[PDB]
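A.B. asks: Sharing a structure below in structure tokens format, with a few things to ask.
There are 2 protein chains.
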Amino acid sequence: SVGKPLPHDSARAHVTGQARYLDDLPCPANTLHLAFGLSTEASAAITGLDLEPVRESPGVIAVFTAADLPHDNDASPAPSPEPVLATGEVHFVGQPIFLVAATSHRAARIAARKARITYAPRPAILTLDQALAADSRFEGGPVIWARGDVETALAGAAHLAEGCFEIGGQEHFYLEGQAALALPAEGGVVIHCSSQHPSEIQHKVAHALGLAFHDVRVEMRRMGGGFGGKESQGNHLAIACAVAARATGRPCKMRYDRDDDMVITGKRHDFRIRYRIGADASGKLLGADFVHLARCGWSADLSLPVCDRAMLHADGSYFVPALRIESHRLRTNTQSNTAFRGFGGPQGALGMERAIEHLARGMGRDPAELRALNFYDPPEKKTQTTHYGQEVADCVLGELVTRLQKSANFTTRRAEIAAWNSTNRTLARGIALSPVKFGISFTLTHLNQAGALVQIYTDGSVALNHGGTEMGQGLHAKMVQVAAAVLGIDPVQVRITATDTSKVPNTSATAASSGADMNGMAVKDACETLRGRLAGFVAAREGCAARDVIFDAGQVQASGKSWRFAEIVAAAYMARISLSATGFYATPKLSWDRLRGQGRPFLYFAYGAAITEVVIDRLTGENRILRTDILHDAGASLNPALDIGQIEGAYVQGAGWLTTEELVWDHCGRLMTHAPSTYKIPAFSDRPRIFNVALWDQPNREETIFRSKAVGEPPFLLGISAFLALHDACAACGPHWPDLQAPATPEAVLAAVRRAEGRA
Amino acid sequence: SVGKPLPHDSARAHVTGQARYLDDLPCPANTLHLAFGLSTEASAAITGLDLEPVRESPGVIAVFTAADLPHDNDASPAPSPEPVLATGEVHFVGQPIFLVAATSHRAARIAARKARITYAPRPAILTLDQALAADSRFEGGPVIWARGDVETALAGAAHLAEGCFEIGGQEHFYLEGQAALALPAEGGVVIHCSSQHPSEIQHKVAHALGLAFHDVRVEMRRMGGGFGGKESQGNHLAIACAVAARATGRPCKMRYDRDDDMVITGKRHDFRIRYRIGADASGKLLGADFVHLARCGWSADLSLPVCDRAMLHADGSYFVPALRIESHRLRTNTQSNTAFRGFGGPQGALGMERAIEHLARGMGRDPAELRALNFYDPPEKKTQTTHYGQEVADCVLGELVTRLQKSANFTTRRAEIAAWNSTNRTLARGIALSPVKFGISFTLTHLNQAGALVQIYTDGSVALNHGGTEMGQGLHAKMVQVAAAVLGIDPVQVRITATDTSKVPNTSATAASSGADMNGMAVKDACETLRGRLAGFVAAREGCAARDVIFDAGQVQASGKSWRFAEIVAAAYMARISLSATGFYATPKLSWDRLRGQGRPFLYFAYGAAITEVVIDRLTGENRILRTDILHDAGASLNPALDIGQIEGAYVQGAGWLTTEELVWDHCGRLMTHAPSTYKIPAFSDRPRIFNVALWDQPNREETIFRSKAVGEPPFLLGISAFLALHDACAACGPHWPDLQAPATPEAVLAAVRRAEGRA
Ligand SMILES: Nc1nc2c(c(=O)[nH]1)N[C@H]1C(S)=C(S)[C@@H](COP(=O)(O)O)O[C@H]1N2
Ligand SMILES: Nc1nc2c(c(=O)[nH]1)N[C@H]1C(S)=C(S)[C@@H](COP(=O)(O)O)O[C@H]1N2
Ligand SMILES: O=c1nc2[nH][nH]cc-2c(=O)[nH]1
Ligand SMILES: O=c1nc2[nH][nH]cc-2c(=O)[nH]1
Ligand SMILES: [Ca+2]
Ligand SMILES: [Ca+2]
């Protein structure tokens, strides 16, 4: 079943509005609703906290403060704490300071605004330089990795390019907002939330309430979008909900209004990247030296892994004999940044990407050959390594880009464009090609495990359950498909159930594009046990050997006789053979050392390429993507439709990141862009007018679920091509380095134009 | 932990009203409430059905009729159907005809009464003779089993007794009544209910909705008692709930008001038992021939297995060279009878016990030696068999009864009584010893399976889950105990979860006193798995063998180091070892054939004995139990507290059965006793004033979880001593056979008195 383009498991339900998300679930009439009241300072001591106006507000029932917290007060996904309710001082504008449970969402919102709070302000750190200045950082100092000796390499280099440039963050904007609900259930709680990580929600709620893990059960059936935004900031909602619940005696739900959501949660780490890169006379890179300043926010969240991944991707798609990264994870008084599709990767990649382009302009070379010339070697003595020392044995980049350029009519188009430009004085088109190599697996190694539990009922139908969470990316269907493929029956007999830490325990968050790779195995593992039992039984019964019992298309065949799967199961039931099983999986071959920067942190890499073409307006910088062509490698895809879709969506999101998406804070730290009316994701019409997406269809070298390949994050990096192209257009307008910053808003583009035009 | 007298798992919650049973669960404001409208005819064709008044009644939302059922209309636990709504005709007073769904339980009841129905009455069959007469029956004819040649045997017997007697049914009176709730959950349903058989609730709900099983989940956390009454009559409530909820789009609950419950559900099968038994001059049984007429009601329900079980126990505790049974299972237009603690066994045993008393009286012998003399032989060439040919290899009655007689001062007490009676002309005391042997395992062999799913979280706590359902009998403690023992940690670390068919599938109803025998094994089975993975891991890590890793008391020990179980678990999680496992178990050695009456239908036999002392008043029949002494064999008890408890309570209920519980139908077939005000269970004061219960402590010969023994049903048979003792007091008043019938209400006793007295 694996391999066919079947629709998402809740397609119909989405499309008629029966699919329920969290705020849709029915709940008792006495359910309360909650809202945080937030700090209005970027950095201060809290000096007075009068809440009387709060308690007195209509419909309100309980109000909460760090002191009311019965046990832990900490939602951080990492060993250093992050209070859920402020403990004496605040650190960014948005930080929740107390919590309100009233008889209605509005009510709670309204009350949250009546507090009388006095602060003793303090100097605030809002910018990388400020941070740098004040040595405000995480991990007691920057992280440095080095392979070879760069300064040597670069001092003696025929060509060179130094450059510095800004990469702005990005707000997830998941259509369904953060949200959760908790229901006291004799002794313990049951939380429903919209999170990518129920096993953690469990852990944090448990600690928040002083309960052993077994007294807390998180169920989560679907999220309306997550993109990393829900890898951890689901914690504050769950904690508050469980805590209000334990106190008031009653169910408590909490959902952030959009404005709150954007102000409180984190975003993608914005980066400043400073690079020197250099090459040979023939164009082979000689070395690249990089410094990453990354804006993490006021607490650790997942900065640690994120910045590790960006370093880990600083080689972009190329082999480089010497390469250095110095990675500062700067602490600042603003939203605590966190995961976002790509998890650092795009930042590191775009780093190398910008440079190599700068390099190419420098030597009047065509960027594309320059790249193509430095891709890692194809597979099949001594294989090349990355700067962290992992052999790259499966890079099909050379082949693929070639194939893409042909199919995209790359060369010819390039000319048509030059011409067209030369005849225009107000508009310029530009086009670029960018590649992608992304590694698969958590860099924090022991997260790479998954479990599934499978049940077959006497009427032959099946209930599948696994650790992943469906956030729109088709995970469940793939897992259904794998299961139906391994048991030999039609998918229709397989039903998916909601994710539930009481059914599969100790899960990792659904992330690192590892949802399907791993859960897939786990389910397969369960289904294999089950199938095993069936064959054993059939065999003894029909005298003969298990391995000749065949399950296919809903039918079982043995010794010339054949029966319907149901008929087999019923009979195993009568025979008393267990029809239930768990299954589990752990990614092999991984080992690496973060501090040393050496090892094999990944199983295999994902690749792909994209050629985008755009036009810009020389007067105002207005601009847009006319056409894009992608060719991306999803292994032996488990579901081509489902994959094409992630590819298309990711691309858009990726581009979105480098074009109109822009975060802005005011001089006092306030988030100015905190609502769709001022934070602008790709709207329907920004879709490329011609959008060709196709897949490289080749098995994965490594032994993954049906030789497929993760496909959720990788494709997000194809967005770079858009930025690259945007920059090709500026370059066409003058002979200077456009030095286009990201995000490329029109103001930004217009600025690049002028530089290149030499008008300042 | 196994072996300690620990409290029930939910004792704190029982005692402060926090434990929630089904009607306590909170549910959405829009939930609807249901009630059936019932037939008022014992047997007729439904000719007209005006429901208009119903739809018109206040708060009503939907009304249903067989025609409205969307798919199956059948709630029977057996191959022949039993409609949930009546189809054209009715067969007893109480049979549900249509179904109302209103915005409140009262509203529903009230509307249920407004229908205008016209019937076309038919002759009804209400008594055994009638049915016998009309050849009204199930299984197309009686069932006969014969071992040896009885006629021959009897004909040539030094001693003989023929007698015939009635045994009455019994209403469960579970303190929480039948009840269920169904929640549409996108495409499928979730049922909560109060039932001993969630996997079946699943089956029937599914079939009624037209859904594969996998779209139906039943969760059942605890029942307020079941005693058999919830082995199958949970079905109608669940089907109706689900059906109403498919149609109205909203959650529907249904619980039966007492009066309804007693009129609609079934009761223990009342019996008429005819016998001839005969012996040697020395007292050894020669043969015994038995006829069982059994009133099953309008529909199959579980008559089939029940009646098999009575045949199965017609040998009571005695070896009998020849013995025959003809068992009629007669259909009648009354409540469809069903399971009840003992499931036929008591009726069968009572049968033999009456007869051997009759024989004893006939030969001027003391019943007690008569019995003592014919018990099966102890264990340790050719071992005796039962009349179904199953060797009885573990009968310790001899040893046990002896011990009981002595500890209870039997003989001296017998004398004290004779004297006392001789000085008394209005009161008479009676005393009697009665033994029990009870087979353990469903007689419908493939039912004897169970499964469990266990989880260990990274803080070391543990979530246990198995297929059995808690109904007051202590199953979840015993299961927690086994788990804690096998894993080597303190029980506090293990929490039980609600029975849930999406977690352990395809379960048998919890019954046959086999809840723990089996789930215990399965739970051991998963724990052993998990403890296996842990040892493996410690082994590898500390180099050494797994069999030397030791879990005890919450601590793990190997090569001279030790750590806390939780430290092991966390370490395993980081090593990426699955901490989840299912478990399964199927009882071995069983094989037997219903039709022939031959086989091993049981793993082992439960035994015990009870001596009861009573007084009756020769004027009105009033009477009461003064003192009871029991010695019962629970194997190596999994929890002596919990086991003494089942013995106590069961004794009471058993006596209850043969003394004040009495069912009564009027000429039209209407149940006259349908409420506690007229059906009378033992009340506090009818407890024996001196009530000594003690356990026989010997490991089971068979390999049962910790060598323990089922103790749910067997001990109910100890009630028979109460009846036998009431009969001894009658006997004490005259030289004639009292012919005491059951139930021995005071009317009944007085009647016996007079027979004995020759006063008619
Ligand atoms: N439609 C949709 N796709 C998505 C997301 C989402 O929230 N919605 N989250 C992304 C992120 S951050 C990851 S890490 C992958 C997860 O895919 P996977 O489960 O198979 O690993 O989904 C990507 N694709
Ligand atoms: N307190 C209590 N004890 C009880 C019952 C009950 O509803 N409540 N049901 C009886 C019946 S019919 C059976 S079959 C056993 C179940 O014992 P087991 O589950 O451990 O097999 O409960 C016996 N004892
Ligand atoms: O290496 C990681 N990659 C991720 N992608 N999305 C979430 C991720 C995470 O925790 N770690
Ligand atoms: O043999 C059985 N004995 C039972 N006791 N309680 C329920 C039973 C059943 O289904 N079968
Ligand atoms: Ca966010
Ligand atoms: Ca009943």
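Protein chains in written order, with PDB author numbering: chain B, 2 to 381, 398 to 777; chain D, 2 to 381, 398 to 777. Don't be surprised by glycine CBs; every beta carbon is placed ideally from N, CA and C.
So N334 (chain B) packs on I126 (chain B), CB below 8 Å; how close in whole Å?
C.D. replies: Indeed, because the Cβ distance is near 6 Å, the residues count as touching under 8 Å.
A.B. asks: Of all the residues that make up the region 579-612 of chain D, which are near chain B by a beta-carbon distance shorter than 7 Å?
C.D. replies: Going along the region 579-612 of chain D in chain order, one finds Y590, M591, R593, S595, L596, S597, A598, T599, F601, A603 with a Cβ nearer than 7 Å to chain B.
A.B. asks: Please output, in chain order, the residues near ligand 5 using a CB cut-off of less than 7 Å to any non-hydrogen atom of the ligand.
C.D. replies: So the residues near ligand 5 by this Cβ test are B:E172, B:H173, B:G230, B:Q234, B:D262, B:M263, B:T266, B:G267, B:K268.
A.B. asks: Kindly list, in the order they appear in chain D, the residues whose Cβ is closer than 9 Å to that of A30 (chain B).
C.D. replies: Simply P27, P29, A30.
A.B. asks: Whether or not the region 244-262 of chain B and the region 62-81 of chain B are in contact is what I'm after, with contact meaning three or more pairs of Cβ atoms, one per stretch, closer than 8 Å; do they touch?
C.D. replies: With a cut-off of 8 Å, the region 244-262 of chain B and the region 62-81 of chain B count as touching, because enough Cβ pairs lie within range.
A.B. asks: Any beta carbon from chain B within less than 8 Å of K205 (chain D)'s own beta carbon?
C.D. replies: Answer no: the Cβ-Cβ gap between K205 (chain D) and chain B never drops below 8 Å.
A.B. asks: Using a Cβ-Cβ distance under 8 Å, would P71 (chain D) count as near chain B?
C.D. replies: Output row for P71 (chain D): interface = no.
A.B. asks: Run down chain D in chain order and give the residues with a C-beta less than 7 Å from the C-beta of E487 (chain B).
C.D. replies: Result: empty, since nearest Cβ-Cβ is about 13 Å, beyond 7 Å.
A.B. asks: Interface residues of chain B around residue 393 (chain D) at Cβ under 9 Å?
C.D. replies: Coordinates for residue 393 (chain D) are lacking, as chain D steps from 381 to 398 with nothing built in between.
A.B. asks: So, does the CB of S105 (chain B) fall closer than 8 Å to a CB anywhere in chain D?
C.D. replies: No, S105 (chain B) does not count as interfacial toward chain D.
A.B. asks: Going by DSSP, name the residue or residues bridged to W713 (chain B).
C.D. replies: Looking at the DSSP assignment, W713 (chain B) forms a beta bridge with B:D650.
A.B. asks: For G775 (chain D), which residues of its own chain have a beta-carbon under 7 Å away from its beta-carbon, when the five flanking residues on both sides are left out?
C.D. replies: Correct list, in chain order: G751, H753.
A.B. asks: What whole-angstrom Cβ distance do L294 (chain B) and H329 (chain B) have, given they're in contact under 8 Å?
C.D. replies: Right, their Cβ atoms sit about 5 Å apart.
A.B. asks: From what residue to what residue does the alpha helix (DSSP H) around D260 (chain D) run?
C.D. replies: Taken as a continuous stretch (DSSP letters only), the alpha helix (DSSP H) holding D260 (chain D) covers 259-265.
A.B. asks: Can you give me, in chain order, the residues of the region 470-496 of chain B that have a beta carbon less than 9 Å from any beta carbon in chain D?
C.D. replies: Residues passing the 9 Å Cβ filter: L470, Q472, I473, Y474, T475, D476, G477, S478, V479, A480, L481, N482.
A.B. asks: Nearest-angstrom Cα distance between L504 (chain D) and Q510 (chain D)?
C.D. replies: If I take the Cα positions, the gap works out to 10 Å.
A.B. asks: Determine the closest residue to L444 (chain D) out of D:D703, D:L636, D:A116, D:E719, with distance taken between C-alpha atoms.
C.D. replies: Of the candidates D:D703, D:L636, D:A116, D:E719, the one whose C-alpha sits nearest the C-alpha of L444 (chain D) is D:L636.
A.B. asks: Going by C-alpha to C-alpha distance, which of D:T599, D:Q715, D:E408 sits closest to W609 (chain D)?
C.D. replies: Among D:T599, D:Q715, D:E408, the Cα nearest to that of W609 (chain D) belongs to D:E408.
A.B. asks: Kindly indicate if chain B contains any beta-carbon less than 8 Å away from that of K520 (chain D).
C.D. replies: Yes, because at least one Cβ of chain B sits closer than 8 Å to the Cβ of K520 (chain D).
A.B. asks: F320 (chain B) to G415 (chain B), Cα distance in whole Å?
C.D. replies: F320 (chain B) and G415 (chain B): Cα-Cα distance of roughly 13 Å.
A.B. asks: Among the candidates D:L33, D:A134, D:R611, whose CA atom is the shortest distance from the CA of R107 (chain D)?
C.D. replies: Of D:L33, D:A134, D:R611, the residue nearest in Cα terms is D:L33.
A.B. asks: Could you give the residue range of the beta strand (DSSP E) that holds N375 (chain D)?
C.D. replies: First-last for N375 (chain D): 368-375, but that is the alpha helix (DSSP H), not the beta strand (DSSP E).
A.B. asks: Is it right to say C685 (chain D) is buried, meaning 16 or more other beta carbons lie within 10 angstroms of its own, or is it exposed?
C.D. replies: Exposed.
A.B. asks: Flag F455 (chain B) as yes when its Cβ comes closer than 7 Å to any non-hydrogen atom of ligand 3, and as no otherwise.
C.D. replies: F455 (chain B) Cβ: outside cutoff for every heavy atom of ligand 3.
A.B. asks: If you follow the alpha helix (DSSP H) that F582 (chain B) is in, where does it begin and where does it stop?
C.D. replies: 582-591 is the span of the alpha helix (DSSP H), which, as asked, contains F582 (chain B).
A.B. asks: I want to see whether chain D comes within less than 8 Å of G298 (chain B), judged by CB atoms only; does it?
C.D. replies: No, because no Cβ of chain D sits closer than 8 Å to the Cβ of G298 (chain B).
A.B. asks: Near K697 (chain D), which residues of its chain fall below 6 Å by C-beta distance, leaving aside the five closest residues on each side in sequence?
C.D. replies: The answer, listed in chain order, is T677.
A.B. asks: Assign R372 (chain B) to buried or exposed, taking buried as 16 or more other Cβ atoms, counted over all protein chains shown, within 10 Å of its Cβ.
C.D. replies: Buried, since its Cβ has 16 or more Cβ neighbours within 10 Å.
A.B. asks: With a threshold of 7 Å, establish whether the CB of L305 (chain D) neighbours any heavy atom of ligand 4.
C.D. replies: No.
A.B. asks: Of all the CB atoms in chain D, is at least one closer than 8 Å to the CB of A14 (chain B)?
C.D. replies: So, interface residue.
A.B. asks: Please confirm whether any heavy atom of ligand 4 lies closer than 7 Å to the CB of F622 (chain D).
C.D. replies: No, the Cβ of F622 (chain D) stays beyond 7 Å of every heavy atom of ligand 4.
A.B. asks: Going by DSSP, what residues sit across from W682 (chain B) in a beta bridge?
C.D. replies: Bridge partners of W682 (chain B): B:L688.
A.B. asks: When we look at the beta-carbon of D714 (chain B) and count the other beta-carbons within 10 Å, is it buried (16 or more) or exposed?
C.D. replies: When all chains shown are included, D714 (chain B) counts as exposed.
A.B. asks: Would you check if the region 594-613 of chain B and the region 689-708 of chain B touch, i.e. whether three or more CB-CB distances between them fall below 8 Å?
C.D. replies: In short, these stretches do not touch, since the Cβ pair count stays below three.
A.B. asks: Shorter than 8 Å from the beta carbon of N523 (chain D) to some beta carbon of chain B?
C.D. replies: Chain B contact via Cβ: present.
A.B. asks: Pull up the distance between the alpha-carbon of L287 (chain D) and that of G95 (chain D), whole angstroms please.
C.D. replies: Near 46 Å, if we compare the C-alpha coordinates of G95 (chain D) and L287 (chain D).
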